[PDB]
Amino acid sequence: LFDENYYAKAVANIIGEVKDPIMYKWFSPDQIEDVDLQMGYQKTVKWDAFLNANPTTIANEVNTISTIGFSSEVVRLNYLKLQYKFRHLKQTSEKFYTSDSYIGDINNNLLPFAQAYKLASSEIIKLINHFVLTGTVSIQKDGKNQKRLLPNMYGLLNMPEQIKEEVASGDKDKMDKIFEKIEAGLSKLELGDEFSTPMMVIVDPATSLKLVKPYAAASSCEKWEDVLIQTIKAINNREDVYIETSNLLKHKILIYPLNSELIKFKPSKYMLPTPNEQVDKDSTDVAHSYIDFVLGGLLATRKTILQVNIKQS
Amino acid sequence: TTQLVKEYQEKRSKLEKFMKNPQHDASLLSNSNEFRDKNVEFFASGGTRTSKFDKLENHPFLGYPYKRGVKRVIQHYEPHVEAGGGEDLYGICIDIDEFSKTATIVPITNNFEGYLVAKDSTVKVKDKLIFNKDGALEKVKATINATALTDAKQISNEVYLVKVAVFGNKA
Amino acid sequence: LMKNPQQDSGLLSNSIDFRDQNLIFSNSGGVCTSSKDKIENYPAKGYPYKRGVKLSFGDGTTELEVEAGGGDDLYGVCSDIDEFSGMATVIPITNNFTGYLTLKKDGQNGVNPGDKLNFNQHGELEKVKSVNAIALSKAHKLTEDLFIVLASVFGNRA
Amino acid sequence: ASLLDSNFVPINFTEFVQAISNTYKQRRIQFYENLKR
Amino acid sequence: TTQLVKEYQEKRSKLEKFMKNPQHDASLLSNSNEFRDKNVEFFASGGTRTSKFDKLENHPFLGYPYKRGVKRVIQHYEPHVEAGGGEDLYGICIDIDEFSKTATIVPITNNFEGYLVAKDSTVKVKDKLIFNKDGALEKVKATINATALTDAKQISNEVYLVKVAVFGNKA
């Protein structure tokens, strides 16, 4: 194959240069499990037992015993497949555009296949990370003109049946009001018996800067960040708490546990960018190529994610 | 088209209301780690206490007699069981299978303890209950002796499950 | 007035964000391109880049050329220019096109998605009769006199 | 069956694609091994 | 119960009537050994004659524009194709993936030959046809040039398929 398909050989050499996604930091190693498909749906069944009555004493002779029931729930996860096309130079045509310092046509914005693929892969990965955190696909900084997606395709920010808190516009700078809502949201969380788990916090940089201020007269030797860490530790049974900063978020705080039993990420094994065998070729030096990637595979339990939105109006 | 989809969802919900274990696809996992009050559901088949020497009979049924008192109806096909009470009561349906349309029923000669459908929420503990014409338990001329162990618990708009022990017929 | 800016830049580019990084005049071709599209090239008179073109005939010694124009003489839409050879890449009016095109600097605020567009005498799109063009976005200003817009052209109308 | 192995030689596009997914998985495993919070 | 099941059947039939390939399980196989007149079906996607160099565009759709003329409607989400005609005609829908809810459209700049939905059974061969507001073809303000090749064929109460060739716009 590598003796026949130059483009396949080029991708194999250049695949190591693509950087790992930042979404890996948002999840524990145990929370991510690969599945095997490209487009469609999968079903997961969770079995739970229950006690139907008080236990019975084993005294003398008896044959009437209490019963233990069972029940199951099934959750359907929708996947999707998307593709992008990019132009580049034909392999035989590179030698006629090689220069002492670079290869390519500067005037017409044409690259060798290896360079174009690496840049195109990086752009796709950024869009992948945006969807995982936000649940939406868009290329506008305004966030409008979103691509309509399938049902049962949610991200962390748009997962339904989760706790959402809104900070009023007038209190957007009042850190005390912000912490008031967070505590109320932390109260409404329902972790069941899995509360003894590490937690993860994601904040936009603007909120991150507000946190590093000294904790409020005023005090010292303590920051708003540490106050948040203690408050979260009150509900996770004094477990570890991690904080991360993502430029993708805007005036929003995300809190969710790091237990696979509550939130699990099950993406396709072909989610990351993958080259396509179809390569358009003409009489000129311009060729076209396609890259494929798969979206979907986030599963979470009801009322286990806290979403604080700071209204900047 | 969308209106047809909405009407289809409405009728599907209405049909699934009268079902033992309706199959639904949900986007999230419901969490019920608390082990208390996890047994009062419409899919809890059988009884709270079950003996190895209990007599179970499977019969073809008409309608939905699940968790209701049943009576034999003769019509050509074999006789079936229909949800009903009064003096015609033959047994109580404790399990159902919709694929084969077969109801598993305990005869009236065998005592039972379990959750059954009640007419309304006016039933308290230590109350004498009678099976009505629809096979539902209503507060009290009782041919059988059924006493409520708990109070009526509501799950759906009309679903009322009450824990009752039935131990034969009166005189 | 050029596919690539004539003046150099004193600054490196920041390749961090991925949103709204395509509203540049150097963006050639169409946003969604079919592999079964018919692509022509012609000698270029003037700078018809990102503009509707019409056939231009000289005395006869030289072959015909393409010049920015519209109205009853619209032949296609120019989507690329090679400056070294002066060859203008033209997509015929009989072929579907979707991309960023020059917009008239008059009432550009009034252009909204879903507005009918027609080419003027200078190959610039304007809000409306004979050409089926619909704006898919709002006017993006790249220069005090240069406005581009996302529009789809799908042939002539009756 | 990963692109990291130089001895590995795919025979067709399908094996090439499977190697890519294996290569991505190994990198994800390697990242979590070397991740410290 | 029984009334609910009957309503479920009626709603399911009405919904699946407006479907390209509704999934209906049958108790027995059908006989179609004759090789003639097997192409007049609602699930016969694509066109009678298709060129390798045809242009296809996939867009999200609202409603059910299958085998109908489509227009572009811009709303926040991306623009979507909706069943409509008149002077707003952008193309014709030739296929729909219901899982992704994505419709495939051939632009009006390309010529097509295939079966399309007609307004009623009043269409004869060699007739000029116009797309109505609903994206259905009606007998003749013909901004486009479409000619019927066969007569209107009936599959259902409102399903009328007619073989038409569309080759651009008039002047």
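Labels for the chains are A, B, C, D and E, by order of writing; each one numbers its residues from 1.
Keep in mind that, in the parts below, a contact is a pair of C-beta atoms (placed from the backbone, for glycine too) under 8 Å apart; a residue touches a chain by one contact, two chains touch by 3 or more.
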A-E or C-E, whichever has more C-beta pairs in contact: C-E
Chain occupying the middle, per Cα centroid: A
Identity of the chain that, by mean CA position, is farthest from chain A: B
Chain C-chain E separation of Cα centroids, rounded to whole Å: 34
Geometric centre distance via CA averages, chain C-chain B, whole Å: 72
Geometric centre distance via CA averages, chain B-chain A, whole Å: 45
Where chain C touches two or more other chains at once, by residue number: none
Interface residues, chain E side, partner chain A - complex: 60, 76-78, 80, 99-101
Residues of chain E touching chain B in the complex: 1-2, 4-5, 7-8, 11-12, 14-15, 18, 63-64
List of chain A residues in touch with chain C within their complex: 85, 87, 106-109, 123, 126-127, 130, 138-142, 280, 288
Chain D partner contacts - residues on chain A that touch it in the complex: 1-2, 5, 8, 11-12, 15-16, 20, 24-25, 29, 32, 34, 240, 242, 269-270, 272, 274, 277
Interface residues, chain A side, partner chain E - complex: 39-40, 80, 144-148, 150
